[PDB]
Novice: 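Sharing a structure here in structure tokens format.
Reminder, nothing fancy here: chain letters follow the sequence lines and each chain counts from 1. The analysis underlying the following values was restricted to heavy atoms, covering all of them including side chains, and did not include hydrogens, waters or symmetry mates.
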Amino acid sequence: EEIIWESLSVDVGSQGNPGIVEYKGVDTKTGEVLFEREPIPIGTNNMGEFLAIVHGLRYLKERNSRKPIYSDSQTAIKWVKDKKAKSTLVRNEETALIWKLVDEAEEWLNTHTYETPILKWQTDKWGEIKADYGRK
RNA sequence: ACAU
DNA sequence: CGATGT
Ligand SMILES: [K+]
Ligand SMILES: [K+]
Ligand SMILES: [K+]
Ligand SMILES: [Mg+2]
Ligand SMILES: [Mg+2]
């Protein structure tokens with residue numbers, strides 16, 4: 001099992017969990033940063049990992065790219081497959097922004113199609129995903 | 001246990 | 001050490 005180098009890798013970064021959430025997508029081969037989301041004041045790791053995959057799907061579809069997406073998040077890969085982000089984060093005024101984005105990402109999944117393979121990055125074999133924030 |  | 005998730 002080898003890396004598919006012609007791919008997009010995504011990852012979340014956070015300050016606290018729940019805490020400030022951001023995410024980015026990079027070229028797996030070169031590490032070039034292809035997109036970065038503005039920090040969201042309160043969210044969870046898994047909400048961010050979910051949003052990162054969905055943004056990747058939208059990014060690749062817009063560009064007519066058949067590349068797969070790598071994620072290190074077992075949870076978010078399942079949530080995308082299911083089209084449902086099963087987060088425990090309370091809904092209040094401080095979490096409204098993240099929940100709006102998660103709700104809108106689910107809505108996009110429920111109104112669009114894609115063939116993009118969503119692959120598990122095998123951290124135990126390959127080290128940290130190329131989109132990692134280097135904060136752990 | 002596994003993945004973050 | 002704590003949290004988010006299956
Ligand atoms: K990190
Ligand atoms: K990881
Ligand atoms: K646990
Ligand atoms: Mg990750
Ligand atoms: Mg990471």
Novice: To the nearest angstrom, how far is A:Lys136 atom NZ from C:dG2 atom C1'?
Specialist: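 Distance check: A:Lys136 NZ to C:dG2 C1' gives 15 Å.
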Novice: A:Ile129 has an atom CD1; how far is it from atom P of B:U4, in whole Å?
Specialist: 9 Å
Novice: Has A:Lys86 got a side-chain N or O lying under 4.0 Å from the OP1 or OP2 atom of C:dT6?
Specialist: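 So the side-chain polar atoms of A:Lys86 do come within 4.0 Å of the phosphate oxygens OP1 or OP2 of C:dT6, strictly under.
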Novice: On the nucleotide C:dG5, are OP1 or OP2 found under 4.0 Å from the side-chain N or O atoms that A:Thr88 carries?
Specialist: yes
Novice: Between A:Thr44 and C:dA3, is there a side-chain N or O to OP1/OP2 distance below 4.0 Å?
Specialist: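 No, no such contact exists.
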Novice: Is A:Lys125 salt-bridged to A:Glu1, cutoff N-O under 4.0 Å?
Specialist: no
Novice: Does the pair A:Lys86/A:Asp82 count as a salt bridge with the N-to-O cut at 4.0 Å?
Specialist: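 No, no charged N to carboxylate O under 4.0 Å.
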Novice: Within less than 4.0 Å of OP1 or OP2 of B:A3, is there a side-chain N or O belonging to A:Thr123?
Specialist: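 Answer no for this pair, as no side-chain N or O of A:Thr123 is under 4.0 Å from OP1 or OP2.
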Novice: Do A:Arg37's NZ or CZ and the ring of A:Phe35 fall within the cation-pi criteria of under 6.0 Å and 45°?
Specialist: no
Novice: Give a yes/no on whether any side-chain N or O of A:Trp121 is located under 4.0 angstrom from OP1 or OP2 of B:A3.
Specialist: no
Novice: What is the separation between atom CG on A:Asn46 and atom P on B:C2, rounded to the nearest whole Å?
Specialist: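 Atom CG in A:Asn46 sits about 17 Å away from atom P in B:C2.
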Novice: Thinking salt bridges, do A:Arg58 and A:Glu62 make one under a 4.0 Å N-O criterion?
Specialist: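 Result for this pair is no, no salt bridge flagged.
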Novice: May I ask you to evaluate whether A:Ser73 reaches the phosphate of C:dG5, defined as a side-chain N or O under 4.0 Å from OP1 or OP2?
Specialist: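 No, because none of the side-chain N or O atoms of A:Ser73 sits under 4.0 Å from OP1 or OP2 of C:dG5.
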Novice: Which one, B:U4, C:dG5, C:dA3, comes nearest to the side chain of A:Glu49?
Specialist: B:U4
Novice: With a non-hydrogen cut-off below 4.0 angstrom, is A:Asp72 in contact with a base, only sugar-phosphate, or nothing?
Specialist: sugar-phosphate
Novice: Just checking A:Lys120: base, sugar-phosphate only, or nothing, at a heavy-atom cut-off of under 4.0 Å?
Specialist: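 Sugar-phosphate: the residue A:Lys120, judged by heavy atoms under 4.0 Å, touches backbone atoms but no base.
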